[PDB]
Ligand SMILES: CO[C@@H]1O[C@H](CO)[C@@H](O)[C@H](O)[C@H]1S[C@@H]1O[C@H](CO)[C@@H](O)[C@H](O)[C@H]1O
Ligand SMILES: *[C@@H]1O[C@H](CO)[C@@H](O)[C@H](O)[C@H]1NC(C)=O
Ligand SMILES: *[C@@H]1O[C@H](CO)[C@@H](O)[C@H](O)[C@H]1NC(C)=O
Ligand SMILES: *[C@@H]1O[C@H](CO)[C@@H](O)[C@H](O)[C@H]1NC(C)=O
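Numbering (the authors' numbering), first residue to last: -3 to 602.
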């Protein structure tokens, strides 16, 4: 269809399947295996991308061009990499992926949304789709096309360091939150075939249902460990949200580090090929986790040859190498050349990677759009996040006896009030993990509003606000305070650093709460990624709020504390009495919760 140098794969009016086949039929083995290779930006250069025909780049946690980098600096990095890839013989654009898992969270000045567990508390799948929408805009502002989200793990033991990344222990709630997908990607059209990949265009991003499958079901919530459960439990708890993901056209699926009844997920041909591909009819691409194939073996990386064979034969399409790309490429090339991996397996992986790239419009818009840069940290999106933070809060207690005046909502006018605790004026702590750094961080790491700042912004001008991080009891008693807001809880963590067998918040926490509440009527805001031991915190407090990891917009906290909106959130998990009860989930036989799933007190706007 027209000029004499016409190449069908480059014709944007042809059907995606036609473009895929046309390109595929021209590629060498080296160009094919290059598509299946994703590398970290830290090892990428123009010659490496060009000479190995690389298919994808990512930024892992905290992998950034520099600290404080603008949206424009991100776009230029990405475009730099893309220009190298476009200069190959076939000019196959790369796709760049990142963990935008509560906003575009590696990026300075990006809106940071509440983490998933909070989002579960809102029971509001439309809110979540809207967060999808806004997140895609902030991701594209940085020139990125691909977000490794949502995590649709069903966390079954809060001792897991990734429990905050799961919407709920109830798979019904996780299923309903897969609306993040069409938020990120766009609504699939009228007559869409379930399992097809979809992205609407250059203002949307490819998504990633992760981590397939049973990541949330591991023994004692040990991260990357074994999930021991029969097929029926696997299918009825851990799988259903992947099917909803198929119906919404999720573009990619990332495989889990975890194992199911002893089999590494990265080596499981039955689940990856037999079930995801052949039974759910997934036509997008399947990507490893970060050195996921290495960890097939014990020790990890001790037989990389096997790692490659097993993972690729299992059915994985793209490998998040992400550093030793030369070895990965050499090994896979060697296995194809020796007939150990058939060309049909290679052609299938490449067919899928290209399908996603063509379908999302990457060949037509390989480069970043500088007018999208101003979407980073947009106030409209912060106002959404603030809404989400407010809706996520669960009021556990609001008065020490059923006869006391309720403490919340608090009046904005009072001569003098106290704000206290390690989490009252600490942005990093209120964002938690996967914020600027991989593990999150402490203090003022990005743009936002801490609890203290939000209080100051909310109160009557005549109200005197005093901050003290960890005051003693005499300070409180002597201070002439009308009430106190005290914020404490967990430090930021991510993956295995967060695995925790005791779930007790660090000190000082409880002792500040005791000191403060012993001198004045107090509202304790508890910041955590999960239920933690809370009886002592309850005994001391007039009111206690479980605010999860609410993100950059701390005004969502005060919106509820001061009565602009009523508390409506409900526990998306069971709150245990004791860690020895664990695992303990709603529907279990000796369900003995401190607070059951669904619990939450309410208030009315004032
Ligand atoms: C930087 O991402 C993380 O980096 C640390 C730094 O050492 C690695 O050891 C971690 O295992 C990865 S975790 C893994 O990364 C994916 C991409 O970052 C992510 O989508 C996935 O959910 C994680 O399990
Ligand atoms: C589970 O964790 C232990 C360390 O506690 C490790 O030795 C074992 O290999 C892990 N199993 C799996 C399947 O990851
Ligand atoms: C609880 O467990 C974590 C390990 O994840 C540890 O850092 C902390 O010191 C422990 N606290 C108590 C009270 O045992
Ligand atoms: C808010 O409205 C509910 C429903 O009628 C009511 O039960 C609750 O006690 C009210 N609280 C107020 C006005 O403080």
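The beta-carbon is built from N, C-alpha and C at its ideal position, and this holds for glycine as well.
- Under the three-state reduction of DSSP output, residue 53 falls in the strand class.
- Proximity to residue 128 across 143, 114, 66 and 116 peaks at 143, based on C-alpha coordinates.
- Sorted by position in the chain, 221, 222 and 255 make up the residues whose C-beta lies under 5 Å from a heavy atom of ligand 2.
- Counted as a single uninterrupted DSSP element, the alpha helix (DSSP H) harbouring residue 302 occupies residues 300 to 310.
- Within 10 angstroms of the beta-carbon of residue 437 lie 16 or more other beta-carbons, which makes it buried.
- Shortest Cα-Cα distance from residue 171 to any of 189, 242 and 37 involves 242.
- Annotation for residue 197: 182, 356, 357 and 361 place their beta carbon closer than 8 Å to its own, counting only its chain and skipping 5 residues before and after.
- DSSP, read as helix, strand or coil, puts residue 445 in strand.
- The three-state reading of DSSP puts residue 264 in coil, since its state is none of H, G, I, E or B.
- Here residue 388 is buried, its C-beta having at least 16 other C-beta atoms within 10 Å.
- By alpha-carbon distance to residue 291, the top candidate from 251, 328, 265 and 329 is 251.
- Nearest C-alpha to residue 366 among 139, 425, 407 and 156: 139.
- In this structure, the alpha-carbon of residue 159 lies about 7 Å from that of residue 525.
- In the assembly as shown, residue 339 is an exposed residue. Its beta-carbon has fewer than 16 other beta-carbons within 10 Å.
- It is roughly 17 Å from the alpha-carbon of residue 63 to the alpha-carbon of residue 134.
- Across the structure, residue 476 and residue 434 are spaced so that their CA atoms are roughly 42 Å apart.
- For the pair residue 481 and residue 450, the Cα-to-Cα distance works out to about 11 Å.
- Between residue 157 and residue 102, the gap from beta carbon to beta carbon reaches 8 Å or more.
- Just so you know, the alpha carbons of residue 167 and residue 154 end up roughly 15 Å apart.
- Secondary structure of residue 88 (DSSP, three-state): coil.
- In this chain, residue 530 is not harboured by any beta strand (DSSP E), its DSSP state being neither H nor E.
- Annotated three-state conformation of residue 377 is helix, per DSSP.
- In the DSSP assignment, residue 250 falls within the unbroken beta strand (DSSP E) covering 248 to 251.
- In this structure, residue 209 sits away from residue 253, with a CB-CB distance that is not shorter than 8 Å.
- Residue range 551 to 557 is occupied by the alpha helix (DSSP H) that includes residue 553.
- Going by beta carbons, residue 96 and residue 131 fall inside the 8 Å limit.
- At a Cβ-Cβ threshold of 8 Å, residue 270 and residue 222 do not count as neighbours.
- Residue 427 sits in a helix when the DSSP states are folded into three classes.
- Residue 219 counts as buried, since no fewer than 16 other beta carbons sit within 10 angstroms of its beta carbon.
- Using a C-beta cut-off of 8 Å, the stretch 457 to 465 makes no contact with the stretch 391 to 401, since fewer than three inter-stretch Cβ pairs fall below that distance.
- If you check the C-beta of residue 600 against ligand 4, you find a heavy atom less than 7 Å away.
- Counting along the chain, residue 70 sits inside the alpha helix (DSSP H) bounded by residues 67 to 82.
- Taking 8 Å as the cut-off, the Cβ atoms of residue 408 and residue 558 count as close.
- Classified as exposed, residue 412 has fewer than 16 neighbouring CB atoms from the shown chains inside 10 Å of its CB.
- If you measure from each CB to the nearest heavy atom of ligand 3, the residues under 5 Å come out as 496, 498 and 500.
- Per DSSP, the continuous beta strand (DSSP E) segment holding residue 482 begins and ends at 480 to 485.
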